[PDB]
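Trainee: What follows is work_27.cif, made up of mmCIF, C-alpha atoms; chains and numbers go by the auth columns:
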```cif
data_target
#
loop_
_atom_site.group_PDB
_atom_site.id
_atom_site.type_symbol
_atom_site.label_atom_id
_atom_site.label_comp_id
_atom_site.label_asym_id
_atom_site.label_seq_id
_atom_site.Cartn_x
_atom_site.Cartn_y
_atom_site.Cartn_z
_atom_site.B_iso_or_equiv
_atom_site.auth_seq_id
_atom_site.auth_asym_id
ATOM 1 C CA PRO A 1 68.200 145.375 71.120 0.00 1 A
ATOM 2 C CA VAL A 2 68.285 141.587 70.779 0.00 2 A
ATOM 3 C CA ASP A 3 68.087 140.628 74.455 0.00 3 A
ATOM 4 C CA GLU A 4 65.344 139.356 76.763 0.00 4 A
ATOM 5 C CA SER A 5 64.275 139.882 80.375 0.00 5 A
ATOM 6 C CA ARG A 6 62.598 137.159 82.434 0.00 6 A
ATOM 7 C CA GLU A 7 61.514 137.048 86.079 0.00 7 A
ATOM 8 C CA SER A 8 63.679 135.738 88.920 0.00 8 A
ATOM 9 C CA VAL A 9 61.582 135.319 92.066 0.00 9 A
ATOM 10 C CA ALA A 10 60.898 132.261 94.220 0.00 10 A
ATOM 11 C CA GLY A 11 62.699 132.276 97.558 0.00 11 A
ATOM 12 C CA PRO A 12 64.555 128.959 97.930 0.00 12 A
ATOM 13 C CA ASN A 13 65.965 127.461 101.131 0.00 13 A
ATOM 14 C CA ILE A 14 68.506 129.237 103.334 0.00 14 A
ATOM 15 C CA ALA A 15 70.787 129.049 100.298 0.00 15 A
ATOM 16 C CA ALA A 16 68.872 132.077 99.026 0.00 16 A
ATOM 17 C CA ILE A 17 70.439 134.392 101.603 0.00 17 A
ATOM 18 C CA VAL A 18 73.770 132.558 101.669 0.00 18 A
ATOM 19 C CA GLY A 19 74.251 132.930 97.927 0.00 19 A
ATOM 20 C CA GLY A 20 72.982 136.495 97.918 0.00 20 A
ATOM 21 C CA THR A 21 75.407 137.529 100.649 0.00 21 A
ATOM 22 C CA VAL A 22 78.496 136.026 99.017 0.00 22 A
ATOM 23 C CA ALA A 23 77.388 137.370 95.637 0.00 23 A
ATOM 24 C CA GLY A 24 76.926 140.890 96.970 0.00 24 A
ATOM 25 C CA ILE A 25 80.235 140.999 98.825 0.00 25 A
ATOM 26 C CA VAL A 26 82.248 139.457 95.991 0.00 26 A
ATOM 27 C CA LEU A 27 80.452 141.705 93.504 0.00 27 A
ATOM 28 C CA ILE A 28 81.303 144.840 95.482 0.00 28 A
ATOM 29 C CA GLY A 29 84.907 143.736 95.892 0.00 29 A
ATOM 30 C CA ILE A 30 85.592 142.834 92.269 0.00 30 A
ATOM 31 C CA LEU A 31 83.613 145.856 91.075 0.00 31 A
ATOM 32 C CA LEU A 32 85.403 148.351 93.319 0.00 32 A
ATOM 33 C CA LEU A 33 88.691 146.625 92.494 0.00 33 A
ATOM 34 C CA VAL A 34 88.420 146.968 88.716 0.00 34 A
ATOM 35 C CA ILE A 35 86.907 150.434 89.106 0.00 35 A
ATOM 36 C CA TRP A 36 89.573 151.617 91.547 0.00 36 A
ATOM 37 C CA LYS A 37 92.457 150.053 89.621 0.00 37 A
ATOM 38 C CA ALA A 38 91.153 151.308 86.275 0.00 38 A
ATOM 39 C CA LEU A 39 90.377 154.739 87.720 0.00 39 A
ATOM 40 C CA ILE A 40 93.869 155.179 89.163 0.00 40 A
ATOM 41 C CA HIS A 41 95.411 153.521 86.106 0.00 41 A
ATOM 42 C CA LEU A 42 93.657 155.755 83.575 0.00 42 A
ATOM 43 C CA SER A 43 94.052 158.816 85.799 0.00 43 A
ATOM 44 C CA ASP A 44 97.786 158.167 86.103 0.00 44 A
ATOM 45 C CA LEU A 45 98.374 159.052 82.450 0.00 45 A
ATOM 46 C CA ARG A 46 95.807 161.846 82.710 0.00 46 A
ATOM 47 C CA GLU A 47 97.979 163.603 85.291 0.00 47 A
ATOM 48 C CA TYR A 48 100.766 164.363 82.817 0.00 48 A
ATOM 49 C CA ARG A 49 100.261 166.844 79.979 0.00 49 A
ATOM 50 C CA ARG A 50 100.439 164.077 77.374 0.00 50 A
ATOM 51 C CA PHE A 51 96.673 163.583 77.150 0.00 51 A
ATOM 52 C CA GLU A 52 96.990 164.008 73.384 0.00 52 A
#
```
Would you mind writing the file's structure down as structure tokens?
Mentor:
Amino acid sequence: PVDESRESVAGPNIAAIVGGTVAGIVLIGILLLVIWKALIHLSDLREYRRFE
């Protein structure tokens, strides 16, 4: 473990919510995208009996 963890609180202007909203939506989209694509992609080969 060679990482650190600092605080992240303040509450800036309206930008606070604006950025948080876009970040959350985009995060959920890209996350679900890679997870869904990878899940169906990895599962595709899993279907067949060539798991070996």
Trainee: If you take all atoms listed in the file and a cut-off of 12 Å, which residues of segment 18-38 of chain A touch segment 2-13 of chain A, and what are their nearest atom pairs and distances in Å to one decimal, in chain and number order, as CSV?
Mentor:
```
residue,atom,partner,partner_atom,distance
A:18,CA,A:13,CA,9.3
A:19,CA,A:13,CA,10.4
A:20,CA,A:11,CA,11.1
```
Trainee: Using all atoms of segment 36-50 of chain A listed in the file and a margin of 4 Å per side, can you give the axis-aligned box centre and edge lengths in Å to one decimal, as JSON?
Mentor:
```
{"center_x": 95.2, "center_y": 158.4, "center_z": 84.5, "size_x": 19.2, "size_y": 24.8, "size_z": 22.2}
```
Trainee: How far is it from atom CA of residue 40 of chain A to atom CA of residue 25 of chain A, in Å with one decimal?
Mentor: 21.9 Å
Trainee: To one decimal place, how far is atom CA of residue 43 of chain A from atom CA of residue 30 of chain A in Å?
Mentor: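 Going from atom CA of residue 43 of chain A over to atom CA of residue 30 of chain A covers 19.2 Å.
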Trainee: Just how far from atom CA of residue 28 of chain A is atom CA of residue 16 of chain A, in Å to one decimal?
Mentor: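 These atoms are spaced 18.2 Å apart.
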